Amino acid sequence: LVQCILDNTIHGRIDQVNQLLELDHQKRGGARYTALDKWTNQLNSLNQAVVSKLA
Amino acid sequence: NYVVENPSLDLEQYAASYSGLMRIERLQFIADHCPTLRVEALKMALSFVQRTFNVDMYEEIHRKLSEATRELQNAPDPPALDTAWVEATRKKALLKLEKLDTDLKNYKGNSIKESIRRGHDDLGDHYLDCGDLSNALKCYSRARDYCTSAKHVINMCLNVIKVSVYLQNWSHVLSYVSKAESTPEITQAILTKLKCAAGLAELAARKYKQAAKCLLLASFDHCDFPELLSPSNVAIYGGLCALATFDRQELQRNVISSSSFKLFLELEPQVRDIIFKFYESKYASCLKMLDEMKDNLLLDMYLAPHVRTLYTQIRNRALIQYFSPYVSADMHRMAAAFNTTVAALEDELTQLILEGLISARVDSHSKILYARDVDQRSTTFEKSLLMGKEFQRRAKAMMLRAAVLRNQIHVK
């Protein structure tokens, strides 16, 4: 299991205390909010830099 | 700033593998950095430096050996330099050097470019043997002026690299490697030698990624390369740099595809086993053998500070790779994956979290390391609200700035 997870074949992680293998189901299927957040911060900081330079 | 104590270094093999001024420098480094063995190292160094008519470094090594012998005469309670060596060596060296100079300057009156280049290369070799670095550099430069063919350019590059290695002018080494590689349309394997030189120069300049990449392309067919670096140390350097910089998939791909580092790891089975345990999550044995290689190569010509940084990076990467496949890992088990204690592992994990690239939380109650997987939305909303507050605050500030300018407000 460790070798498989190291090879990125398994999208999951191991709980050795309880002899357990927990997989990240990643059923959300999103990652659009990450792009939105990057777009939000980069351009708002871009706007702040432009306003400071223009004044 | 350096110098440690460690036994079990094999002086004979390490001295015989290298040869030339490189061997002299390595023997001097081993003697100066390894006490309780400096006696035999200095004796062998003086025995070999007497060969090929050295002058000043011979005086330094003789003084060091005399001091060491005097030290030996007081602990269990100094050799003569045979100053006739000065006379005979100086006489013979002067005679042959002036004969060669006369021949070369007569050839300069004959005006042949290739002959002048070859004579200047011979003069540079003679000066390097005599212990004249700057003189050899000037001879090799007057040779570089009179180049005719691609092989002449290659020989010039090799000579300049060899000289600047001793001069520690690694910038010249890198420039000449680039010149010898990029120019002539990038059985006789010269590119392997050039890549070895570039890799060693980069490692001496505190570079690990590009140095490892250059070493990976070095084929074992080169075999004999004693003027710069022995194949065993080349394998050690490549393995250490790859372990420190290349992650698991990159490690596997490069080592397998190179097919020459397979042989190199065959020469050095310790590094091969360490890399295999790194891939197979056996970091305890990996790091104990790493400490063994530590004590073994702490007195290497160009390794010590670089290898210390490499080992720090190696242990950090080992911890990062070990915790990565787990969302809730017991710190007892993680500490048992090495000889470290619970407290030291906890401190190292805290330092890694502070630096980053582990993304973890330390539940010190049960000593379990929980990975951090935070929802993007909660972080996104928090920083978006902070941005809006900052935008409003900057909106106020710019709004304020228009006040002092429209109403002409300033210090009189």
# chains A, B, ... in the order shown; residues from 1 in each chain; ligands from 1
$ interface_residues --of "chain B" --to "chain A" --cutoff "9 Å" --atoms "only C-alpha atoms" --output "VMD selection string"
chain B and resid 248 to 249 279 to 281 321 324 to 330 333 376 to 377 379 to 381 383 to 384 387 to 388 391 394 398 401
$ write_last_selection --atoms "C-alpha atoms" --output "compact mmCIF listing (two decimals), in the first residue's frame"
# COMPACT_ATOMS: atom_id res chain seq x y z
CA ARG B 248 11.17 9.47 -6.02
CA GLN B 249 9.83 9.23 -9.57
CA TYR B 279 12.24 4.35 -2.73
CA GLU B 280 10.92 1.51 -0.55
CA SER B 281 10.23 3.60 2.60
CA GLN B 321 8.23 11.50 1.65
CA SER B 324 3.15 12.05 2.61
CA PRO B 325 1.24 8.73 2.23
CA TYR B 326 -0.47 9.21 5.62
CA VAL B 327 -3.39 11.34 6.81
CA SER B 328 -3.05 10.26 10.46
CA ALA B 329 0.38 8.86 11.31
CA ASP B 330 1.43 7.94 14.84
CA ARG B 333 5.77 4.86 14.60
CA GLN B 376 -10.53 25.71 -0.16
CA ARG B 377 -13.80 27.60 0.30
CA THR B 379 -9.78 29.80 3.21
CA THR B 380 -11.05 31.55 0.07
CA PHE B 381 -13.86 33.35 1.90
CA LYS B 383 -8.90 35.96 2.50
CA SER B 384 -11.53 37.46 0.19
CA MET B 387 -8.94 41.66 0.64
CA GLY B 388 -12.20 43.61 0.73
CA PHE B 391 -9.45 47.35 -0.54
CA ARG B 394 -6.82 51.53 0.56
CA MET B 398 -6.50 57.09 -1.81
CA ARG B 401 -4.92 61.57 -0.79
$ atom_distance --atom1 "CA of residue 343 in chain B" --atom2 "CA of residue 358 in chain B"
18.0 Å
$ select_by_dssp --residues "range 29-172 of chain B" --states "alpha helix (DSSP H)" --output "PyMOL selection string"
chain B and resi 29-33+38-49+56-72+84-108+113-130+133-145+150-167+170-172
$ residues_around --residues "residue 40 in chain B" --least-positions-apart "4" --cutoff "10 Å" --atoms "only C-alpha atoms" --output "JSON, numbers by chain"
{"B": [11, 31, 36, 44, 45, 46, 65, 68]}
$ select_by_dssp --residues "chain A" --states "strand (DSSP E or B)" --output "ChimeraX atom specification"
/A:12-15,20-23
$ write_last_selection --atoms "C-alpha atoms" --output "PDB file, in the first residue's frame"
ATOM      1  CA  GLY A  12      -5.630   7.500  -0.318  1.00  0.00           C
ATOM      2  CA  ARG A  13      -3.692   7.401   2.930  1.00  0.00           C
ATOM      3  CA  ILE A  14      -2.939   4.851   5.645  1.00  0.00           C
ATOM      4  CA  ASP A  15      -3.937   4.878   9.325  1.00  0.00           C
ATOM      5  CA  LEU A  20      -6.693   1.187   8.335  1.00  0.00           C
ATOM      6  CA  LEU A  21      -6.538   2.482   4.751  1.00  0.00           C
ATOM      7  CA  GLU A  22      -8.515   5.709   4.252  1.00  0.00           C
ATOM      8  CA  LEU A  23      -8.989   6.827   0.646  1.00  0.00           C
TER       9      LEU A  23
END
